[PDB]
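Throughout, protein chains are lettered first and strands after them, A, B, ... in sequence-line order, and every chain is numbered starting at 1. Every heavy atom of this structure was used, including side-chain atoms; hydrogens, water molecules and symmetry mates were not.
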Protein chains: 2
Amino acid sequence: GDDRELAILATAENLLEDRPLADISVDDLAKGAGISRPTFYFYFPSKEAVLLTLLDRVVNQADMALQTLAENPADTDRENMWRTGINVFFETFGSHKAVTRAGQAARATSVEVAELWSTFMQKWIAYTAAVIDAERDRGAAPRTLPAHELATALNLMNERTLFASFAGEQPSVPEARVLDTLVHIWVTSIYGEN
Amino acid sequence: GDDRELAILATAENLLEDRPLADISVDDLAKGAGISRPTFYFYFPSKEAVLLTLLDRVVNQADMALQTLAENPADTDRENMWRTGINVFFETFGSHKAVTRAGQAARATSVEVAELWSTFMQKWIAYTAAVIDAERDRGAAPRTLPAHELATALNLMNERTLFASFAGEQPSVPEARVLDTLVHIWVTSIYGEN
Ligand SMILES: Fc1ccc(-c2nnc(-c3ccccc3)[nH]2)cc1
Ligand SMILES: Fc1ccc(-c2nnc(-c3ccccc3)[nH]2)cc1
């Protein structure tokens with residue numbers, strides 16, 4: 001039943017590892033899932049819809065992992081607290097590089113993909129700001145920039161910097177250095193008086 | 001003579017204000033520059049080449065403005081020093097929003113545009129790191145992250161955050177708040193012991 005849909009998804013993720021969505025065909029996806037072309041069209045209207053579904057899965061996985069941290073606080077210093085959160089996104093997206101690449105590209109051409117990315121970014125920024133606010137409220141973080149504005153910039157930084165690193169863009173921070181790089185910038189900017 | 005090339009450029013920049021490159025035609029550009037379609041093809045092989053030229057102009061303008069600061073140090077505190085540099089990019093790209101938008105999009109489809117952006121980013125990151133290094137050398141900045149890695153993340157942050165703001169993306173920092181936002185993050189991360 002659904003194992004056909006899952007097979008399509010798995011085929012798409014696999015094929016995106018070695019070439020872009022544009023060089024992958026509905027036939028390739030059907031062939032890989034062991035189904036005919038019209039059978040494919042029963043499960044998805046377009047290969048673009050397959051990518052959207054893949055991206056939605058990756059985004060919700062990151063989001064659910066963050067929810068679990070949010071409910072299950074690690075007993076440890078503030079630097080470690082931020083590192084563990086940023087790590088959700090490093091591990092989640094980092095474990096799904098092809099979907100991440102492809103989904104980034106699709107923001108330009110798909111309003112669904114753009115809106116999906118926008119929705120979750122608002123969620124993550126809002127949660128970031130709520131934590132900064134918690135920290136300010138307990139006297140651990142100084143009342144410097146508007147928390148929501150600082151949160152936005154830090155989240156956008158992580159988006160661009162993680163994705164450049166995963167892709168090995170020139171320039172990019174080495175993948176093995178990017179977590180520490182981001183954590184330093186978050187901690188200094190959140191706790192820094194100057 | 002060249003005023004025909006300049007006219008083409010000016011027409012392209014104008015038309016990009018209200019629609020994307022894809023919805024602008026060689027005819028539109030020729031019409032706007034007051035020349036025929038084949039005359040256009042004497043000055044540029046493609047409308048894509050026109051955009052590349054426009055982007056190259058904007059990028060070199062930012063770069064030359066930074067060179068001038070680099071040679072002409074403002075007498076003022078370290079926070080102001082970083083603010084004045086970041087401002088080169090806020091004013092330059094901010095004064096050319098359409099070219100900035102369009103050129104960002106063209107990185108996906110043009111290896112020339114991608115390589116142009118890559119080249120200048122390496123330059124700006126290298127200059128950032130050289131300044132951080134200067135600051136460390138004089139005992140003003142602590143020896144924390146590798147300077148080149150910190151520089152990369154801060155430059156990528158500015159790329160993504162400025163461009164989201166100029167475009168009014170959801171989410172984005174308000175354009176009237178983005179300079180202060182970026183300067184805070186640069187200063188705290190560069191000078192912060194913790
Ligand atoms: F409480 C937290 C901690 C980290 C983060 C975070 N770390 N990285 C990101 C991010 C957001 C979008 C794309 C990639 C990474 N977001 C959000 C909330
Ligand atoms: F010494 C400095 C100071 C600021 C900067 C800088 N500020 N903003 C950027 C940037 C880089 C790429 C795209 C947009 C902004 N770069 C570079 C070197």
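- Dense packing is recorded around CZ of B:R19, with more than 12 heavy atoms of other residues, nucleotides or ligands lying under 6.0 Å away.
- Both A:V50 and A:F42 are part of a single hydrophobic cluster, where members link through side-chain heavy atoms under 4.5 Å apart.
- For the set A:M121, A:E159, A:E169, the entry with the most heavy-atom pairs within less than 4.5 Å of chain B is A:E159.
- Comparing B:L145, B:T152, B:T161 by heavy-atom pairs within less than 4.5 Å of chain A, the highest count is held by B:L145.
- Within the 4.5 angstrom heavy-atom criterion, only side-chain atoms of A:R107, from C-beta onward, approach chain B.
- For B:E115, no part lies near chain A; criterion is any non-hydrogen pair under 4.5 Å.
- Summarising the local packing, NZ of A:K31 is surrounded by 12 or fewer heavy atoms from other residues, nucleotides or ligands at distances under 6.0 Å.
- In this structure, B:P171 and A:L156 approach most closely via the heavy-atom pair O-CD1, 4.5 Å.
- Under the 4.5 Å side-chain heavy-atom criterion for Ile, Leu, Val, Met, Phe, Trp and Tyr, B:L69 and B:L182 are members of the same hydrophobic cluster.
- Contacts of A:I125 with chain B are made by side-chain atoms alone, with heavy-atom separations under 4.5 Å and no backbone atom involved.
- Under a cut-off of 6.0 angstrom, the local environment of CG in B:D2 is sparse, with at most 12 non-hydrogen atoms contributed by other residues, nucleotides or ligands.
- Contact of B:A153 with chain A is made through backbone and side chain together, with heavy-atom distances under 4.5 Å.
- No part of B:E193 comes within reach of chain A, as not one of its non-hydrogen atoms sits under 4.5 angstrom from that chain.
- One finds the CD1 atom of B:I185 at 9.5 Å from the CH2 atom of A:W186 (value rounded to the nearest 0.5 Å).
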Worked check of side chain to side chain contact (heavy atoms under 4.5 Å, CB included) between B:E149 and A:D180
CA-CA 10 Å; B:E149 298 171 0; A:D180 274 354; over 6 Å; no

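- Once rounded to the nearest 0.5 Å, the distance linking CZ of A:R78 with CG of B:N194 reads 7.0 Å.
- With a 4.5 Å cut-off on non-hydrogen atoms, B:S172 touches chain A through its backbone but not through its side chain.
- Looking at A:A108, there are no atoms closer than 4.5 Å to chain B (heavy atoms on both sides), in backbone or side chain.
- Within a 6.0 Å sphere centred on CG of B:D77, heavy atoms belonging to other residues, nucleotides or ligands number more than 12.
- Neither the backbone nor the side chain of A:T119 comes within contact range of chain B; no heavy atoms are under 4.5 Å apart.
- Using a 4.5 Å heavy-atom cutoff, the side chains of A:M157 and B:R160 are not in contact.
- No continuous path of ILVMFWY side-chain contacts below 4.5 Å connects A:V58 to A:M64, so the two sit in separate hydrophobic clusters.
- Between the A:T181 side chain and the B:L150 main chain, no donor and acceptor come within less than 3.5 Å of each other.
- Distance check: B:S189 OG to A:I190 CD1 gives 12.0 Å after rounding to the nearest 0.5 Å.
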